[PDB]
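K.L.:
this one's structure only:
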Ligand SMILES: *[C@@H]1O[C@H](CO)[C@@H](O[C@@H]2O[C@H](CO)[C@@H](O[C@@H]3O[C@H](CO)[C@@H](O)[C@H](O)[C@@H]3O)[C@H](O)[C@H]2NC(C)=O)[C@H](O)[C@H]1NC(C)=O
Ligand SMILES: *[C@@H]1O[C@H](CO)[C@@H](O[C@@H]2O[C@H](CO)[C@@H](O)[C@H](O)[C@H]2NC(C)=O)[C@H](O)[C@H]1NC(C)=O
Ligand SMILES: *[C@@H]1O[C@H](CO)[C@@H](O)[C@H](O)[C@H]1NC(C)=O
Ligand SMILES: *[C@@H]1O[C@H](CO)[C@@H](O)[C@H](O)[C@H]1NC(C)=O
């Protein structure tokens, strides 16, 4: 008349499948998801400073397209460009658009400091019906369209030293008229030229007369260029025509700032990780929402699910049916 | 698993055991019963929590990166941007896949290990007063009332007390 003592382990009615070295599917008592596969649909407005572009690209806000004037001197951790954004000023292109957008986005600020450039012998503040500002013609707020005074456009030669201890970003341009009649009417000389230089570098652009496609009343174009001036260096601008002059400089910074393309609405919540699909939580190490991310994010992976076993092997009672 | 206890010599688990991961069932002259072993249960849970917390520990915070979607065809520079992102994503996807496989194989083995540890601990406690039936049970060769069972479960079973009684029931 003895006694039996049996060792054993638990089981559950509803186990979970997981992958191991030897088995692509084996049942365990519990597991936990390591891939974040869903989003709120909304970009959380804390803790990062989100700046909604609304109808504006970062570049139009930089240049100062009139419908973008509300962005003057703005700052951001993440600038959000929307697909509905449109331009509504003088038609322009930026050779190396991608790079200018990238370095401004990264700088995280549009802080502009006006400088007293002296443009002797030309008319300043030129405008166009392509770029309406209130009822009448206008232009980019940060650019200064110089044209002839009386019937002369003298050789412009000006200097702006950087005696500050930060980098200055100057944005400037070159006007490409559609006809010779427009060129000589605006600048006298039959062929303009713009040379912008520092001690170490230089850019020279010869304008190119000819028709482009009509955009907002004009076949002409402006081409946008940039120059960074370091502490101790000096900017020199030299031109006998076609200069779209800077009015000053943008203060450059380094930091955590960036830019993202998204149509997700911005909402009042807290989330460290932002994707174009909206914010996602970052408690899991991986995510399948979007390879584009900003902040403290899980790493993007191709799997939509990965299950980490948090329990033993699940072995139920043998079934009689 | 590697120790051959869970899904091995122990035919199956107990759905009835709701207060623990590992434990004891007995039959004696007073009836049947069941009790969880808190220590083996906790050793398994602490190890699993340990590996869970290591895996979910935040490590990257990224800000400005490269563009990853493109609206224009550009050629060489964009091909390189896409290739870089695709290389990265495949390497991380591989890491993720490997991580869970290794983690899960190990989780299955350490839980199997704890079952086996408890079985060997119990067997050594009983000395020559019981025999291994081979199915995860010991046949105890003496009258073991509920006090005696709980002495086995909480580590106070003095085998010398019952040895002479037990040795006689075994070698006849
Ligand atoms: C266009 O404007 C620029 C900016 O003022 C003129 O550059 C300046 O040119 C003068 C000489 O033409 C340079 O003077 C020299 O300076 C050194 C010391 O720095 C001195 O030792 C020499 O005796 C000499 O006078 C001056 O440094 C230079 N400044 C800068 C910032 O580059 C340029 O000459 C103007 N050109 C025209 C055609 O208007
Ligand atoms: C997040 O957004 C991305 C891109 O907007 C979605 O990915 C697209 O999904 C469809 C299938 O539904 C695919 O055919 C496309 O190839 C994907 N586009 C791109 C650009 O990758 C993704 O499904 C969204 N995910 C969540 C969870 O909202
Ligand atoms: C099992 O895991 C899930 C998460 O995957 C958790 O929410 C649940 O509470 C766990 N249950 C037990 C009994 O541990
Ligand atoms: C931008 O900042 C500068 C100084 O930081 C200031 O002088 C200027 O007027 C500001 N403009 C706006 C629109 O706030």
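P.N.:
Good, I have the coordinates. Residues are numbered from 1 along each chain as shown, chains lettered A, B, ... in the order given. Ligands and ions are numbered 1, 2, ... in the order given.

K.L.:
residue 165 is in what secondary structure piece?
P.N.:
By default, I'm working from chain A. For residue A:165, there is no helix or strand it lies in under DSSP states H and E.

K.L.:
nope, chain B
P.N.:
Assigned by DSSP H and E, residue B:165 falls in helix B:159-170.

K.L.:
repeat that for residue B:41.
P.N.:
Secondary structure assignment for residue B:41, by DSSP H and E: helix B:38-55.

K.L.:
pick out the residue closest to the middle of chain A.
P.N.:
residue A:259 (3.9 Å; Cα atoms, centre = their mean).

K.L.:
residues touching it, list them.
P.N.:
By Cβ atoms under 8 Å, 6 or more residues apart in numbering or on different chains, the residues touching residue A:259 are A:58, A:78-81, A:101-102, A:105, B:64. Where you see a C-beta, it was placed from the backbone N, CA and C, and this is true even at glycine.

K.L.:
strands - which of these land there?
P.N.:
Among those, DSSP state E puts A:78-81 in strands.

K.L.:
so what's the residue count around residue A:49?
P.N.:
15 (other Cβ atoms under 10 Å in any protein chain shown).

K.L.:
excluding chain neighbours, what is closest to it?
P.N.:
Among residues not flanking residue A:49 along the chain, residue A:77 sits closest, at 4.3 Å (Cβ to Cβ, 6 or more residues apart in numbering or on different chains).

K.L.:
hmm, the one you found is touching residue A:253, no?
P.N.:
No. Using Cβ atoms under 8 Å, residue A:77 is not in contact with residue A:253, being 11.8 Å away.

K.L.:
what touches both of these two?
P.N.:
Among the neighbours of residue A:77, those also in contact with residue A:253 (Cβ under 8 Å, 6+ apart) are residue A:108.

K.L.:
neighbour count: those two, which is higher?
P.N.:
Set residue A:77 next to residue A:253 and count neighbours by other Cβ under 10 Å: residue A:77 wins out with 18 against 14.

K.L.:
get me the contact residues on the stretch 151-300 of chain A for ligand 2.
P.N.:
Selection of the stretch 151-300 of chain A residues close to ligand 2 by Cβ under 6 Å from any ligand atom yields A:277, A:289-290.

K.L.:
off-centre distance for stretch A:273-284?
P.N.:
In terms of Cα atoms, centre = their mean, to the nearest Å, the centre of stretch A:273-284 is found 19 Å from the chain centre.

K.L.:
typo on my end, stretch A:260-270
P.N.:
Offset of stretch A:260-270 from its chain centre (Cα atoms, centre = their mean): 15 Å.

K.L.:
now do stretch A:252-262
P.N.:
Distance of stretch A:252-262 from the chain centroid (Cα atoms, centre = their mean) equals 7 Å.

K.L.:
same question, stretch A:22-39
P.N.:
When C-alpha coordinates are averaged (Cα atoms, centre = their mean), stretch A:22-39 and its chain have centres 37 Å apart.

K.L.:
what is the end-to-end distance of it?
P.N.:
With Cα to Cα, to the nearest Å as the measure, stretch A:22-39 spans 33 Å from end to end.
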